[PDB]
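*Asks:* Take a look at data_12.tsv, TSV, C-alpha atoms:
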```tsv
chain	number	residue	atom	x	y	z
A	1856	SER	CA	-122.96	-36.03	-136.72
A	1857	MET	CA	-121.58	-32.88	-138.45
A	1858	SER	CA	-122.64	-29.76	-136.48
A	1859	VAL	CA	-124.91	-32.00	-134.23
A	1860	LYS	CA	-123.46	-32.77	-130.81
A	1861	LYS	CA	-124.75	-34.26	-127.56
A	1862	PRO	CA	-124.30	-31.86	-124.59
A	1863	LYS	CA	-120.61	-31.57	-123.35
A	1864	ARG	CA	-119.94	-33.96	-120.31
A	1865	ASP	CA	-117.37	-32.26	-117.99
A	1866	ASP	CA	-114.19	-34.37	-118.36
A	1867	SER	CA	-111.79	-31.79	-116.80
A	1868	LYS	CA	-111.44	-33.73	-113.49
A	1869	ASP	CA	-111.06	-37.21	-115.09
A	1870	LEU	CA	-107.22	-37.22	-114.84
A	1871	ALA	CA	-107.28	-36.44	-111.14
A	1872	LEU	CA	-110.04	-38.82	-110.33
A	1873	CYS	CA	-108.37	-41.79	-112.27
A	1874	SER	CA	-105.15	-40.95	-110.26
A	1875	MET	CA	-107.07	-41.15	-106.98
A	1876	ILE	CA	-108.62	-44.47	-107.92
A	1877	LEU	CA	-105.23	-45.84	-108.97
A	1878	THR	CA	-103.77	-44.67	-105.58
A	1879	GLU	CA	-106.51	-46.59	-103.76
A	1880	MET	CA	-105.68	-49.74	-105.89
A	1881	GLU	CA	-101.93	-49.31	-105.20
A	1882	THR	CA	-102.50	-49.17	-101.42
A	1883	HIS	CA	-104.91	-52.16	-101.19
A	1884	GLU	CA	-103.43	-55.02	-99.24
A	1885	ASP	CA	-104.13	-57.46	-102.11
A	1886	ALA	CA	-102.36	-55.26	-104.74
A	1887	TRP	CA	-98.96	-57.01	-104.32
A	1888	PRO	CA	-99.22	-59.40	-107.33
A	1889	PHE	CA	-100.00	-56.33	-109.57
A	1890	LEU	CA	-97.64	-53.55	-108.42
A	1891	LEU	CA	-94.81	-54.30	-110.87
A	1892	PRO	CA	-94.42	-55.92	-114.28
A	1893	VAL	CA	-94.20	-59.73	-114.20
A	1894	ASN	CA	-90.55	-60.70	-114.67
A	1895	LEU	CA	-90.58	-62.36	-118.12
A	1896	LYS	CA	-87.15	-63.93	-117.60
A	1897	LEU	CA	-88.24	-65.60	-114.33
A	1898	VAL	CA	-91.86	-66.74	-114.86
A	1899	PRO	CA	-92.11	-69.62	-117.30
A	1900	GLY	CA	-94.91	-69.40	-119.79
A	1901	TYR	CA	-95.78	-65.72	-119.12
A	1902	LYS	CA	-94.11	-64.19	-122.14
A	1903	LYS	CA	-95.77	-66.54	-124.63
A	1904	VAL	CA	-99.15	-66.85	-123.05
A	1905	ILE	CA	-99.92	-63.22	-122.00
A	1906	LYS	CA	-99.87	-61.21	-125.14
A	1907	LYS	CA	-100.33	-57.78	-123.42
A	1908	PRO	CA	-98.80	-57.62	-119.94
A	1909	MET	CA	-100.07	-54.80	-117.73
A	1910	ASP	CA	-99.43	-53.76	-114.11
A	1911	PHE	CA	-100.20	-50.79	-111.82
A	1912	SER	CA	-96.75	-49.17	-112.14
A	1913	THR	CA	-97.04	-49.18	-115.94
A	1914	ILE	CA	-100.55	-47.71	-115.69
A	1915	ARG	CA	-99.22	-45.01	-113.33
A	1916	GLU	CA	-96.41	-44.05	-115.75
A	1917	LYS	CA	-98.87	-43.99	-118.74
A	1918	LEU	CA	-101.24	-41.79	-116.66
A	1919	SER	CA	-98.54	-39.38	-115.58
A	1920	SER	CA	-97.20	-38.88	-119.15
A	1921	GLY	CA	-100.50	-38.28	-121.06
A	1922	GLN	CA	-100.66	-41.64	-122.70
A	1923	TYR	CA	-104.41	-42.19	-121.89
A	1924	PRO	CA	-106.57	-40.26	-124.34
A	1925	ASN	CA	-109.68	-40.66	-122.18
A	1926	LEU	CA	-111.03	-42.38	-119.03
A	1927	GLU	CA	-112.16	-45.53	-121.03
A	1928	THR	CA	-108.64	-46.35	-122.28
A	1929	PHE	CA	-107.55	-46.10	-118.57
A	1930	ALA	CA	-110.30	-48.63	-117.45
A	1931	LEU	CA	-109.26	-50.99	-120.29
A	1932	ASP	CA	-105.66	-51.20	-118.91
A	1933	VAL	CA	-106.90	-51.74	-115.32
A	1934	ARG	CA	-109.24	-54.57	-116.51
A	1935	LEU	CA	-106.37	-56.02	-118.62
A	1936	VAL	CA	-104.41	-56.48	-115.34
A	1937	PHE	CA	-107.31	-58.66	-113.98
A	1938	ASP	CA	-107.97	-60.50	-117.19
A	1939	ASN	CA	-104.32	-61.44	-117.42
A	1940	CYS	CA	-104.39	-62.65	-113.83
A	1941	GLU	CA	-107.44	-64.90	-114.54
A	1942	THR	CA	-105.75	-66.32	-117.67
A	1943	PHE	CA	-102.66	-67.38	-115.74
A	1944	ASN	CA	-103.81	-68.18	-112.17
A	1945	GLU	CA	-106.23	-70.72	-110.73
A	1946	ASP	CA	-109.29	-69.11	-108.96
A	1947	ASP	CA	-108.30	-71.09	-105.82
A	1948	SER	CA	-104.80	-69.59	-105.34
A	1949	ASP	CA	-103.75	-66.56	-103.41
A	1950	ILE	CA	-103.02	-64.57	-106.60
A	1951	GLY	CA	-106.26	-65.78	-108.29
A	1952	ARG	CA	-108.30	-64.60	-105.28
A	1953	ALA	CA	-106.34	-61.31	-105.13
A	1954	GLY	CA	-107.34	-60.63	-108.71
A	1955	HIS	CA	-111.02	-61.22	-108.15
A	1956	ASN	CA	-110.95	-59.03	-105.02
A	1957	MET	CA	-109.11	-56.14	-106.79
A	1958	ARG	CA	-111.46	-56.27	-109.80
A	1959	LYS	CA	-114.45	-56.01	-107.46
A	1960	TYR	CA	-112.85	-53.11	-105.60
A	1961	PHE	CA	-112.00	-51.28	-108.85
A	1962	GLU	CA	-115.48	-51.72	-110.42
A	1963	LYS	CA	-117.21	-50.22	-107.39
A	1964	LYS	CA	-114.93	-47.17	-107.24
A	1965	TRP	CA	-115.39	-46.79	-111.03
A	1966	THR	CA	-119.24	-46.85	-110.85
A	1967	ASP	CA	-119.37	-44.58	-107.77
A	1968	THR	CA	-116.97	-42.02	-109.25
A	1969	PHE	CA	-118.24	-41.81	-112.87
A	1970	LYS	CA	-121.73	-43.55	-113.24
```
In structure tokens, how does this file's structure come out?

*Replies:*
Amino acid sequence: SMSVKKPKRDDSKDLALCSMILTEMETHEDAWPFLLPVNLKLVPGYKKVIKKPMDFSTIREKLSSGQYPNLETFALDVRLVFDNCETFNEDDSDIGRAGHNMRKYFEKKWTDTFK
């Protein structure tokens, strides 16, 4: 509250560390469905169904241009990519499986880096 603060957690390396994580997601062999924005002209249903499209390239541009106020808003966009993928893709498809694998990969790096 006013003039009563928890001790200051060092957040000065967050930007660099989120960038490193994102590089590791970009270079994963199962990243290919997620590298670029889904083409809304060419994928029927996507525009209407997926209210907030997100992809790694869009996250990278947001990161690079100071559009994440803190590390939690970054994790929300990453998770949005996987949540979108589960909304649109059967679990038993290549892209569905890719999404589960990438979410697992991300959540471990996240926990090991920050928790």

*Asks:* Considering only C-alpha atoms, state which residue in the set A:1953, A:1881, A:1875, A:1970 is at the smallest distance from residue A:1913.

*Replies:* A:1881

*Asks:* In terms of the shortest atom-to-atom distance over all atoms listed in the file, which of A:1927, A:1885, A:1910, A:1916 is closest to residue A:1957?

*Replies:*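 Of A:1927, A:1885, A:1910, A:1916, the one nearest residue A:1957, counting all atoms listed in the file, is A:1885.
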
*Asks:* Quick one: residues within 12 Å of residue A:1962, all atoms listed in the file counted, chain neighbours fewer than 2 positions away excluded, as a list in words?

*Replies:*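 Answer for this query is residues 1876, 1877, 1880, 1930, 1931, 1933, 1934, 1937, 1955, 1956, 1957, 1958, 1959, 1960, 1964, 1965, 1966, 1967, 1968, 1969 and 1970 of chain A.
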
*Asks:* What's around residue A:1889 at 8 Å? Count only C-alpha atoms, leave out sequence neighbours fewer than 3 positions away in its own chain, and write the answer as JSON, numbers by chain.

*Replies:* {"A": [1886, 1892, 1910, 1911, 1936]}

*Asks:* How many Å lie between atom CA of residue A:1864 and atom CA of residue A:1926, rounded to one decimal?

*Replies:*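 Separation between atom CA of residue A:1864 and atom CA of residue A:1926: 12.3 Å.
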
*Asks:* Around all of stretch 1906-1924 of chain A's listed atoms, make the axis-aligned box with 8 Å on each side and tell me centre and edge lengths in Å to one decimal, as lines of an AutoDock Vina configuration file.

*Replies:*
```
center_x = -101.5
center_y = -49.7
center_z = -118.5
size_x = 26.2
size_y = 38.9
size_z = 29.3
```

*Asks:* Given the choices A:1961, A:1857, A:1883, A:1943, which gets closest to residue A:1903 if the distance is worked out from all atoms listed in the file?

*Replies:*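 Comparing A:1961, A:1857, A:1883, A:1943 against residue A:1903, the winner is A:1943.
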
*Asks:* To one decimal place, how far is atom CA of residue A:1947 from atom CA of residue A:1929 in Å?

*Replies:*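 The value is 28.1 Å.
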
*Asks:* Might you pull out every residue within 10 Å of residue A:1905, with only C-alpha atoms counted and same-chain residues fewer than 2 positions away left off, and present them as a ChimeraX atom specification?

*Replies:* /A:1900-1903,1907-1909,1938-1940,1942-1943

*Asks:* I need the residue nearest residue A:1917 from this list: A:1858, A:1874, A:1882, A:1867. Use only C-alpha atoms for the distance.

*Replies:*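 Nearest to residue A:1917: A:1874.
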
*Asks:* Record the distance separating atom CA of residue A:1872 and atom CA of residue A:1935, expressed in Å with one decimal.

*Replies:*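 Rounded to one decimal, the two atoms are 19.4 Å apart.
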
*Asks:* Would you please work out which residue, of A:1950, A:1893, A:1919, A:1924, is nearest to residue A:1866 when using all atoms listed in the file?

*Replies:*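 Closest to residue A:1866, using all atoms listed in the file: A:1924.
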